[PDB]
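These notes concern the structure reproduced below.
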Amino acid sequence: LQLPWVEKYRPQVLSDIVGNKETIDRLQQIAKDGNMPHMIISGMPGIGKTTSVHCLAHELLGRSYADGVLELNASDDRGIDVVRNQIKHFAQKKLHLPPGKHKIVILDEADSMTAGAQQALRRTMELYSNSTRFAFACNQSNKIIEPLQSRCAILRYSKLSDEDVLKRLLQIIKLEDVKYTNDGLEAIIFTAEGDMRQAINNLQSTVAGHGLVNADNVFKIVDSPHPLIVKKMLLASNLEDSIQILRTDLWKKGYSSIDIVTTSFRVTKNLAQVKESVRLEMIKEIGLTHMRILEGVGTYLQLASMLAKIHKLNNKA
Amino acid sequence: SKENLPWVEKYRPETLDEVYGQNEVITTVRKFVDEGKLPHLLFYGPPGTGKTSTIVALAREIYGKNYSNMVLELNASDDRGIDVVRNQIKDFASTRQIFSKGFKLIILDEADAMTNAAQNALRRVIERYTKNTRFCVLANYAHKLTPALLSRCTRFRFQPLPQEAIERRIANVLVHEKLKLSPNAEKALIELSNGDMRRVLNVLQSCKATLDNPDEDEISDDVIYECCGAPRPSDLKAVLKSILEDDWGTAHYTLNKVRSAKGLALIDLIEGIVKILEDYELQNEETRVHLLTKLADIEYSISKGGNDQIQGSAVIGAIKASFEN
Amino acid sequence: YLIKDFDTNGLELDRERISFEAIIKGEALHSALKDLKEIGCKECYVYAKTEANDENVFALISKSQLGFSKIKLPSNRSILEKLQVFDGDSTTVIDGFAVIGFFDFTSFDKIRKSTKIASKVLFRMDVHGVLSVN
Amino acid sequence: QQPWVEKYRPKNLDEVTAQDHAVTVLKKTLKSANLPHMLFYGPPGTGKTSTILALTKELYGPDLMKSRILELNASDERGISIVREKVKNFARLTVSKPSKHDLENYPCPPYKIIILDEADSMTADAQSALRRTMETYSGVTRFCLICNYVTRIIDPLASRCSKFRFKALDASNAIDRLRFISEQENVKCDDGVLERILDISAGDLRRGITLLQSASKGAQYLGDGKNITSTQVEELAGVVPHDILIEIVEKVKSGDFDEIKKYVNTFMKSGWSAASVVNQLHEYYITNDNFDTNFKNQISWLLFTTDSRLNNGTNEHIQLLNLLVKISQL
Amino acid sequence: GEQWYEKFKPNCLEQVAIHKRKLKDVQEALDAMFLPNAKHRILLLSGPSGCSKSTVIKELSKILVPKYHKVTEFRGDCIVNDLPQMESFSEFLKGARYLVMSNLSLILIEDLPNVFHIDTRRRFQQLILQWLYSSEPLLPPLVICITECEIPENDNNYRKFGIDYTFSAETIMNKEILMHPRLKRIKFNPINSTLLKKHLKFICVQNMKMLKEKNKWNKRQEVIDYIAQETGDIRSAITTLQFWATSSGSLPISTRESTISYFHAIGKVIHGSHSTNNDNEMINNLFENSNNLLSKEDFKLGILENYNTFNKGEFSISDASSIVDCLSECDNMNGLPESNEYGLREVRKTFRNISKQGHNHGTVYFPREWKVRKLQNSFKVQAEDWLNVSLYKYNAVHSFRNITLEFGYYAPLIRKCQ
Amino acid sequence: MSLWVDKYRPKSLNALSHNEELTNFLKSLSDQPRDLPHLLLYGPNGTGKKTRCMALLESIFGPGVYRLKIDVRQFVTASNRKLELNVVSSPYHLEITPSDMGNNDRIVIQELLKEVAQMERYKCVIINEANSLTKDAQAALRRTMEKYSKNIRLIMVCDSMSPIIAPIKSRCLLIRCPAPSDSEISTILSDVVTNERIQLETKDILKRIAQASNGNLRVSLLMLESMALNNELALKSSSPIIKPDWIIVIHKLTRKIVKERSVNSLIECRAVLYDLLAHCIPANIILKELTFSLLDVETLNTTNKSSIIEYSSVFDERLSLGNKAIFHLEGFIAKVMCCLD
DNA sequence: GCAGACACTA
DNA sequence: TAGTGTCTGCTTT
Ligand SMILES: Nc1ncnc2c1ncn2[C@@H]1O[C@H](COP(=O)(O)OP(=O)(O)OP(O)(O)=S)[C@@H](O)[C@H]1O
Ligand SMILES: Nc1ncnc2c1ncn2[C@@H]1O[C@H](COP(=O)(O)OP(=O)(O)OP(O)(O)=S)[C@@H](O)[C@H]1O
Ligand SMILES: Nc1ncnc2c1ncn2[C@@H]1O[C@H](COP(=O)(O)OP(=O)(O)OP(O)(O)=S)[C@@H](O)[C@H]1O
Ligand SMILES: Nc1ncnc2c1ncn2[C@@H]1O[C@H](COP(=O)(O)OP(=O)(O)OP(O)(O)=S)[C@@H](O)[C@H]1O
Ligand SMILES: Nc1ncnc2c1ncn2[C@@H]1O[C@H](COP(=O)(O)OP(=O)(O)O)[C@@H](O)[C@H]1O
Ligand SMILES: [Mg+2]
Ligand SMILES: [Mg+2]
Ligand SMILES: [Mg+2]
Ligand SMILES: [Mg+2]
């Protein structure tokens, strides 16, 4: 029964959590003071939001959090009536809490919860904010309605830098006592793209499939991310080079055409070097190829035509 | 159980060693199960690679007699809504062992069709109940999957089947049923496979019925090309040569004669021409742009329907005009 | 429907490692299950404990939005025929030991009507955690 | 009695005339029980429905039509839930029990066949749901997909189902069949009427059969006892006369917009279908050897564009006027 | 401890964050409602969150009820034992109806019942309509506060009709209650920069001992003015100020980043954003901000109708033709996110190219498609009546196309002479 | 009664004043009704294809074809949305009303064709304007006429049959109904004015009506009706040929586009287009009429006309797939202004 | 975002 | 007194 590294090596205190020094320091300060108001935590997945909330609740309450709170996550019936009733009962049932401590309502993955439940939560806060406090763990703050965010201090988690992920990887390697190579670690960081959970999964797979962590083994088990390949494809000068890159990196690797079109659209949205006219022309061509793919024609000829038209509009004769 | 099923579901692998092509994935999964750790395997690739066959063989090898009870199979055939993932998956991935302390495997085949709320509930399930139950996700389109799910699942890429895997499977099929196949037909099947085992098995099943005598004879290029209907490479080369040197009259006559001699399709001719023209050296890139754009437009029009003669003359005119640069 | 009948199956158990056994009347258990359903109690607990003074303890307690519910089944021999707790060998009876079972409410709701018309109900579970109800 | 399309519909596998490969594969399957999932595709009116009906008749028989055959079409609701539940219910039924007469007479396979016509117009979600039902339940059931649009069927379905292309029914592919029909129905042709009918027809035999029936009815009504000529089938087929096409070409040759527009209006007020006019103009322009390569390529591209526009459900008058104006200005 | 916005609640009418005109025209509105005969039976308040839409009425009831603090605020989280939520609001209205004398308790429905199911949404309209035309002596005041916030996009919404797109008074309320004679709609605006700055001054000087403990007394002015200018919500401003004051330092504070409006987005696409000079980042941020509005019909029509107001229709005709052609080409992509991006990008690029001749602009108009549909329905029912009356004495089959094209003018002309 | 469209309608098959080739062809078809296959009619609007269908039904069935039999049927789509259709009934045949929306068109066709079929002579179904279907109803008709081709006959009349899918065109016999020449329309009008003995000094007005309606029987008859009732049943050679508000509005819009080419002119064109489109009309015929009126301007040269017709074809293609119509209409108008300026 | 009209002291 | 700050629009079966 070997527990996976994502769950076995998850942090239990806020000290082990790295990536945003200011936010962790703020969480430690607000736990030491104990005056924790409502907050919303948002960011790209795999950065350490829900584990940070759990660790904060742990080292803020202890036995009280362990025994006498009601934590709800996405794996429950999040209907309006049942959630209303559950949070209404949880707002009651006060204990001999310390004067600087309050109940915490952990809300994990609240982006998919219905608007009526948000209104019921609004009423619950406006009626019993004195006894309990709410904590929100989500990906983006747009899915939360406007009135909820006015009663809370929104905290944003930035993407983890390479230094913090590398430090965590070295700590986990020292804990596991496994050989490593600097090239392999650099490849792991490059493949992760700031995703801590993906980096942990890749390192665990490398360790359990090849032993020593090396760049060659990592590249063998997992290839380069497709956004980088598509970005290099769109920035290619010659059409033949772009066609060869497309074929040898997506057609021979087993990549669906619709996924390639979606990645091209995402890259073109976030591209910055191209001009506005070139960007909109590329977006139009990507959309035309996407509707052609959706209507049924899912062959490589459509991708080749998209690349040819993109090169033609880039060169402009 | 055998000799009563289609060839696709007749040579389905039952063990891990019977899966060919993705040797690295098989070795990595074997190391994972030898160490005793399943890191929420996620399989991605084109259809026909063998993701579900591999995962079913792996589950059989791990479990044995516990496949009936502890292994759960999920698909798009049954209802997969918010209530289904909320109740059935939660109830199944909450139980203890019965005879062996092995992990719990849940097969999410073609899981790309699930709703966003269902995907979010599923990923909150995988995060919470990971200490005893490990899920497996199978999909062909990664754009339909929530990016949070990909972070929590170890992604494994299923490459198209290489030439050696197709040749080994062809040899295994031939030995089992005592069938002889010519090396030219083998090369034709390698070219036509395009990294698909199901297509190879389907065309091999039909070529057996094409021959009047199942035994005491071989399968040549003519039988393979007549069975599926793919154009011969010689026919494609002759059509391209006629287009290149003859402008419209004898070129159109040759194209019509080739198409009417056997019943060739415009589409298959289009992939034949693009395949034999991809290796051409054209240092202007305007010919390449024009050829790609016009051929894609013609293929789209054929997919939408139209006149066969009109589309064939359109192909001829596009090829002639593009090469004029 | 006999196409993909996987056969075998069976949530059976071995009698060599039975944690404890209990025999109770159907009427006594039906009242407990009926009260357990309408109140809610999405998570339920099974407690088994023997006493040297023959004061055996067995109850179906649960937690819900109401709080803590303690449906204490009777301990006398009038409607509780037999109750002993084993040490994982099904032959070595031990007194003072407690067996705690964490069961879902959905499983309990299925046997509520089964015990509505019954004479004797037999409870048996092992160390593996599976429960057999006769 | 019955129209010749349905009266002369094939009932046996050997009654076909052009699709040799699929029919002989099914015939060699008749002595076995390893029939795979089939994907029938090709031009309209090539007999895919006739082929599957004949195969079913050879396999099961009229007694087993009502017990081992399920057909789902566009005539009823084809939603995701209804199709899902119906396919799951029928693809789970046990093997039927044939009588001793059925086993003695016909070779009864141990499986059942599910036929899904016009599968092109089926949503992708339904096909995704049906993928696993086709795959893991295929022990004693099979699925047949018939559709004239290959691209409308997604990639996973094209892999599980064996691809059986149906050849376009050209002239020599159906000359014998039309000759047999003419002898059976007592239809007289002088030199090349049947060949002309297949030339007019777009690679199908049903339209040709309907045209032959109309010509025979007209000849019977006329009652003079003469044979059908090519002019009669050309007139009843909507074929533009050669003189009018020559006039169209001559007016296009002259570089005047007003006369061209007036003649286009006069041609369109006759209500003639623009597709036939486009095809006749295209074949005349390619057949003519008085034009160079660049003009031929340009006019072929414009004709292809106009054909796509017309097939996309646009106005015939505007499209034909634009095509003739573009041709005149080359 | 205690929230700053809760411990610093206003106690008089001079501490609430509201404009003088808004205070005046809610005071005159509420004063006339307390009379036995009132022109407006109920009061409707619509505006953004945190705009003093409820506290102002709270002290207003505090200083008007004792003339003849009695507030009957509806609690939607009540269940009421074995009572459906649909009938709960019906019982609340009749329970608070019997307060016309002696008690005189004002009704403040801040938390309206959730209206998302078909049955419960339709019930909400006639429940207040039955209370309007009821011929009963006297009248207790009733104030309904509705927050204007758009509901975020969800999955598998099927037809994707109204209400669920944006939770606003116009979407849920029907036409009968919107322009009812016995109803006043007093809109609300976000808190001004001056009022927010004054309130933050008051909070800072009230918390002088806490702020002077750390190194925040010198830095407070920049933080508070940035907070006041960044958002118009007083509650969010107080929350951010409390978080910053509790914070030791070196922490970048965050704000809700409230979504922009429909006409605001239209102006952003046509004119441009001064905050973001770069064109690429403006559209990309707007997409992730409100995709729920861009991936919706009538927005492209709004761009089509308001693009001639850039220079009062005095710009390049070729540029206008290119813009309209690009929108028409976008319309063929079956309403995809890629389709919306290309057309808006082209419009913004063109208007940036011709931005030099943009000194004077015009007003934008939301497209009149509802009127076109209404006249279409009227013509449809008129044609149905014409076919019904013309088929009872003879036979006439010409399909619907010939009636609209040929018989739409010839047929009335012939009957005019006869 | 009210109009010449329905009053002096040709009852018998032998009372047709148009060309006799089509009449002889349909008489040959109607000689053996048992062997008659599914039929499809294509031609210009107003030619009278429904008259040929009624004459064929008279030849096959006999007297009693024209029966009112107004019936109302209720149909239920997915979820919950009641639909109403005032379908017309008749003994031995039934006519389909295509007035329902294209999206929810499968339910009505499927239910009513199953109701006419049942299991059981045959009952014929007439389906006018079959081009409005979104190919789903077309597939439904295809399957219905394939599977149940023992007791059902489909006779569909339509104009510009290009949107009709290829499989349907293969399974149905093609009937061509060309519009009559000016001589036949003049003869019909002369027969009408002789029947009612109205005043007529010069026959040039009859030729003017015949040539001004573009070979349309209904349009010519209604134009004759409008001027006859407005002139006390006394036609005059000096009486101008009047046109509906449709043609006047189209010509005024064309003149405004040709004269004024500006963004203000564009928004007034938008207002005119919205006022036109507020009457439940398809935009394809509006685009065709605008293109034909633009090509009739004498001041334009061949290059402007070629550009106008090319962009008209392009925007008609765009309108073919587009959900809206105002976008493509304004695009075509703006392109025309750009070319003219 | 922008046009039209008002509050308020610099 | 001319600038700077800010309310109303600009919206439906
Ligand atoms: N700063 C960190 N230091 C160490 N491990 C981390 C850190 N951030 C994330 N992890 C690891 O990430 C895994 C799960 O993190 P999560 O908090 O669940 O991801 P997330 O950022 O919350 O994204 P979502 O929305 O939950 S999918 C665990 O294995 C953690 O150990
Ligand atoms: N590597 C392989 N070696 C041998 N046979 C294979 C291999 N991959 C696929 N096959 C055969 O292909 C058949 C169909 O492939 P499956 O594994 O069932 O489906 P899949 O390849 O995973 O594609 P999807 O995603 O399910 S559509 C199997 O039953 C095998 O007979
Ligand atoms: N090989 C053939 N020999 C003789 N008649 C044939 C043959 N193929 C087709 N037919 C004729 O074609 C008609 C049957 O064709 P269908 O099967 O209905 O058309 P289809 O194949 O279904 O085309 P679809 O479904 O519209 S794509 C009958 O009139 C047959 O006589
Ligand atoms: N000077 C002030 N003026 C107004 N509100 C203040 C002030 N000082 C503190 N507050 C608080 O700010 C909040 C504003 O409340 P309101 O905006 O009236 O409520 P609301 O408008 O109903 O909010 P929603 O949209 O319903 S969640 C209350 O919690 C007040 O106690
Ligand atoms: N052979 C004919 N002789 C005289 N009038 C005819 C003839 N055929 C049709 N019509 C006229 O056509 C009118 C009906 O046209 P209609 O069937 O509505 O055209 P469409 O079928 O194109 O809609 C009738 O009023 C009738 O007077
Ligand atoms: Mg989380
Ligand atoms: Mg699979
Ligand atoms: Mg068919
Ligand atoms: Mg409030």
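All residue names refer to the structure tokens as shown: chains lettered A, B, ... in order, residues numbered from 1 in each chain, ligands numbered from 1 in order.
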
Residues at most 8 Å from ligand 8, using only C-alpha atoms (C1' of nucleotides) and all ligand atoms? Could they come as a CSV table (one decimal) with N, CA, C and O atoms, in the first residue's frame?
chain,number,residue,atom,x,y,z
D,45,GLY,N,-28.1,6.1,-53.9
D,45,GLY,CA,-28.7,5.2,-54.8
D,45,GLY,C,-27.8,4.2,-55.4
D,45,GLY,O,-27.9,3.8,-56.6
D,47,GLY,N,-27.5,1.2,-53.7
D,47,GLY,CA,-28.0,-0.1,-53.2
D,47,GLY,C,-27.5,-0.6,-51.9
D,47,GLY,O,-27.5,-1.8,-51.7
D,48,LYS,N,-27.0,0.3,-51.0
D,48,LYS,CA,-26.6,-0.1,-49.7
D,48,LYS,C,-27.8,-0.7,-48.9
D,48,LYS,O,-27.6,-1.8,-48.2
D,49,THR,N,-28.9,0.0,-48.9
D,49,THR,CA,-30.1,-0.6,-48.2
D,49,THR,C,-30.5,-1.9,-48.9
D,49,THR,O,-30.9,-2.9,-48.2
D,50,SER,N,-30.5,-2.0,-50.2
D,50,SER,CA,-30.8,-3.2,-50.9
D,50,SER,C,-29.8,-4.3,-50.5
D,50,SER,O,-30.2,-5.5,-50.3
D,117,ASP,N,-29.7,3.3,-40.3
D,117,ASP,CA,-29.6,4.0,-41.6
D,117,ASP,C,-29.4,5.5,-41.3
D,117,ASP,O,-29.6,6.0,-40.2
D,118,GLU,N,-29.0,6.2,-42.4
D,118,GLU,CA,-28.6,7.6,-42.3
D,118,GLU,C,-27.9,8.0,-41.1
D,118,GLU,O,-28.3,9.0,-40.4
D,146,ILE,N,-25.0,2.8,-42.3
D,146,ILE,CA,-25.2,3.2,-43.7
D,146,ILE,C,-25.3,4.7,-43.8
D,146,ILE,O,-26.3,5.3,-43.2
F,143,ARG,N,-36.7,8.8,-45.8
F,143,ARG,CA,-37.0,7.6,-45.2
F,143,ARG,C,-38.4,7.1,-45.3
F,143,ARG,O,-38.7,6.0,-45.5
F,146,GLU,N,-39.0,5.9,-48.8
F,146,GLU,CA,-38.3,4.7,-49.1
F,146,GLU,C,-38.9,3.5,-48.4
F,146,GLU,O,-39.2,2.5,-49.1

*Any idea what's packed within 8 Å of residue 121 in chain C, counting only C-alpha atoms (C1' of nucleotides), ignoring anything in its chain fewer than 6 positions away? Could you give it as a PyMOL selection string?*
chain C and resi 23-26+115+133-134

*What are the DSSP strand (DSSP E) residues of range 108-150 of chain B, as a list in words?*
residues 108, 133, 134, 135, 136, 137, 138 and 139 of chain B

Show me, as a Markdown table, the residues of chain D having an atom within 10 Å of ligand 2, each with the closest atom pair and its distance in Å, using only C-alpha atoms and all ligand atoms.
| residue | atom | partner | partner_atom_place_in_ligand_line | distance |
| --- | --- | --- | --- | --- |
| D:128 | CA | ligand 2 | 27 (S) | 9.0 |
| D:131 | CA | ligand 2 | 27 (S) | 7.3 |
| D:132 | CA | ligand 2 | 26 (O) | 7.8 |
| D:135 | CA | ligand 2 | 18 (O) | 7.0 |
| D:136 | CA | ligand 2 | 18 (O) | 8.3 |
| D:155 | CA | ligand 2 | 27 (S) | 8.2 |
| D:156 | CA | ligand 2 | 27 (S) | 4.8 |
| D:157 | CA | ligand 2 | 27 (S) | 7.7 |
| D:158 | CA | ligand 2 | 27 (S) | 9.6 |
| D:159 | CA | ligand 2 | 27 (S) | 7.6 |
| D:160 | CA | ligand 2 | 14 (C) | 7.2 |

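In terms of minimum interatomic distance to ligand 4, A:147 ranks closest within A:184, A:37, A:147, A:287, counting only C-alpha atoms and all ligand atoms.
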
Please list as a compact mmCIF listing (two decimals) with C-alpha atoms, in the first residue's frame every residue within 7 Å of range 128-140 of chain A, counting only C-alpha atoms (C1' of nucleotides) and excluding residues in the same chain fewer than 2 positions away.
# COMPACT_ATOMS: atom_id res chain seq x y z
CA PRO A 37 -12.32 37.35 7.88
CA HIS A 38 -13.95 35.90 4.78
CA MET A 39 -11.66 35.38 1.80
CA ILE A 40 -11.67 34.01 -1.75
CA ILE A 41 -8.63 32.12 -3.06
CA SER A 42 -8.27 31.78 -6.83
CA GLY A 43 -5.57 30.74 -9.26
CA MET A 44 -4.48 28.21 -11.82
CA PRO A 45 -4.91 24.60 -10.62
CA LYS A 49 -4.74 26.60 -2.68
CA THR A 50 -6.91 24.00 -0.94
CA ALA A 91 -23.89 28.72 11.71
CA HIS A 102 -13.91 31.71 14.92
CA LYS A 103 -15.48 28.85 12.99
CA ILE A 104 -14.27 28.31 9.42
CA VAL A 105 -16.53 27.12 6.59
CA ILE A 106 -14.18 25.55 4.04
CA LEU A 107 -15.64 25.79 0.52
CA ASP A 108 -13.65 23.79 -2.03
CA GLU A 109 -14.38 24.18 -5.77
CA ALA A 110 -17.22 26.69 -5.42
CA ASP A 111 -17.06 27.67 -9.11
CA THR A 124 -26.28 33.17 5.94
CA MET A 125 -23.30 35.55 6.11
CA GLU A 126 -25.45 38.65 6.64
CA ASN A 142 -15.40 35.24 -11.98
CA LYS A 143 -17.64 32.26 -11.13

_List as a PyMOL selection string the protein and nucleic acid residues near residue 31 in chain D, meaning an atom at most 10 Å away when only C-alpha atoms (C1' of nucleotides) are counted, but skip any in the same chain fewer than 4 places from it._
chain D and resi 26-27+59+107-109

_6 Å from ligand 4 is the threshold here; counting only C-alpha atoms (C1' of nucleotides) and all ligand atoms, which polymer residues fall inside it? Answer as a VMD selection string._
(chain A and resid 147) or (chain E and resid 5 to 6 8 to 10 15 to 17 49 to 55 147 234 to 235)

*What does the distance from CA of residue 50 in chain B to CA of residue 150 in chain B come to in Å, to one decimal?*
20.2 Å

*Kindly compile the residues surrounding ligand 1 within 8 Å, counting only C-alpha atoms (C1' of nucleotides) and all ligand atoms, and format them as a count of residues only.*
42

_At a cut-off of 9 Å, using only C-alpha atoms (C1' of nucleotides), what residues contact residue 12 in chain F? Leave out same-chain residues fewer than 6 positions from it and give the result as a PyMOL selection string._
chain F and resi 55+58-59

*Site check for ligand 3: residues at most 7 Å away, only C-alpha atoms (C1' of nucleotides) and all ligand atoms, as number ranges by chain*: D: 4-6, 8-10, 15-19, 42-50, 118, 147-148, 177, 205-206, 209; F: 146, 167

*Please return, as a PyMOL selection string, all residues of chain F lying within 7 Å of chain D when only C-alpha atoms are considered.*
chain F and resi 25+28-29+34-37+43-44+110+139-140+143-144+160+162-163+167+170-171+173+177-179+302+306+309-310+313+316-317+320

Within 12 Å of chain F: residues of chain B, using only C-alpha atoms, as a PDB file with C-alpha atoms, in the first residue's frame:
ATOM      1  CA  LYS B 304     -20.301  18.552 -48.530  1.00  0.00           C
ATOM      2  CA  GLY B 305     -21.187  16.751 -51.775  1.00  0.00           C
ATOM      3  CA  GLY B 306     -21.276  17.773 -55.404  1.00  0.00           C
ATOM      4  CA  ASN B 307     -20.517  16.640 -58.930  1.00  0.00           C
TER       5      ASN B 307
END
